[PDB]
C-alpha cells in the first residue's frame, strides 16, 4: 500500500502560477516543507508521498468532460490570435512574464475579458492546473489512499463555455468527474465544500441537476461582491433539488458566524448524502481570511482550520477519500499559513488512521486556541511573516468585523423557521 497522502507538486511549481499571484505557489510549498512535512519525515515518509512526476500531458480532450469543445479549442490557440499588448507593458523582455495579449472581439463570447484577459502562457498554466488535479484524483482513487493535496488547483468559477474570476478550465469539476468514474459504483456520492470567499458558481452550475454531487459553498454575499450569485434560495433543480447548499455571509463576517453556520450546514450535507458518500473535495481558498484585499470576510486561520477539521474527522471515521484543492487568496503569507496548518492536519489525521487511533489531530497545533505557534525559522520566506512571525498572524482587517447577522438577514430567517421547529418538537 502507498503512503496515505499524496502531495501533488510537480517539477516546476511556477507552471500553474497566475500573473496576479505569481509568487504564491512558492510561499505555499516553502511552508509545507518547513512547517507541515518534517514531523512526518525521516525526503522520505510513510505518511505522505511528495509527487513530482509523472504529470500527464493534457489537452482539449481531457477537459471536454465538462467544457464545451469550441471554448476549449479557442483557449488552446488564443495566444496565436493577437499580439502582446505593448502599451500595457512598461517592463519589456527579458524582465517580464505572462504579459497581457491585445483583445479580439471573439473574447467576449467566452468571457475572456477584464480579469480573464488572455495572456502569453495562459494555455500552459491551464494545462498545469488541470493536469495536477487529474493526477491527484487518480492517485486518490488508489486503495490505501486517504487524501490527495493540490494547492495549485481549484479554479471553481469557470463554466461550461465561459471563463470567470481568473478561472478558464474548472479543475474542481473535472476532478470530481475523474474521481466519479474511478470510484466504486456502489459508493460514489461526492460532497464538495467550497470555503473560498467567493461563490463556487462554476462548480454549482456543473451539478445543479445532479443528486450524487452535493456542492456546499460558504461565501461573502452582498451588493458589489463577486460574482453576485449564491443566495440562500439557490437550492438546486430537478433531481438536484436539495443538493445545492449556499451559506452567503455578510461582508466582514468573523468565525463566530461563518464557523457556526458551516458546522450546521456540513452536518445537513452529511445527512442528505447518507451512506452513499465516498469522497469529499475541499476547495480551500485563503481569501476568506481577514486582511484579504479581495475576499470581504474576516475569518481567522483557526476558524478555517476548524471547518476543515470537521470534514477530515468525518472522512477518517467513515474511511472516505479527501481531495484538497486551493483557490483564491491574495496575501501570500496568509495563503501559506493556512496551507501549512491544513496540510499538517491532513498528515496528522492520516498518520493517526494507520496506527488505529481515534484522536486525529494530536500532531498538529489547533490555531484556534494555540496563539503561540511560530513560523519555522528555516522557511526561505521567513522574513516575510512579520510582525508576529506566528502561524496565525494576519494583516489588519480590510472590512469591519461583523459578529452578528444584519437586521433582516434571510440567513437568520431561514434559521428562524427551522430553529423554532426544533424547540417545539422537543416539548
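Numbering follows the first chain given and starts at 1.
The entry shows an unbroken chain from residue 69 to residue 70, with no unmodelled residues of the deposited sequence in between.
Of the two segments, 350 to 358 and 159 to 167, the one listed with the higher mean B-factor is 350 to 358 (C-alpha atoms only).
Stretches 325 to 333 and 232 to 240 differ in mean C-alpha B factor, with the higher average recorded for 232 to 240. The entry lists C-alpha B-factors for 402, 390, 60, 31, and the highest of these is at 60. The residue among 302, 121, 295, 202 whose C-alpha atom has the highest B-factor in the PDB entry is 295. Residue-level temperature factors show residue 287 in the lowest third of its chain, judged at the C-alpha atom. Placement of the Cα temperature factor of residue 51 within the chain: highest third of the modelled residues, per the deposited record. Per-chain ranking of the deposited C-alpha B factor places residue 137 in the middle third. The PDB entry assigns residue 92 a C-alpha temperature factor belonging to the middle third of its chain's modelled residues. When the modelled residues of the chain are ordered by C-alpha B-factor, residue 365 sits in the middle third.
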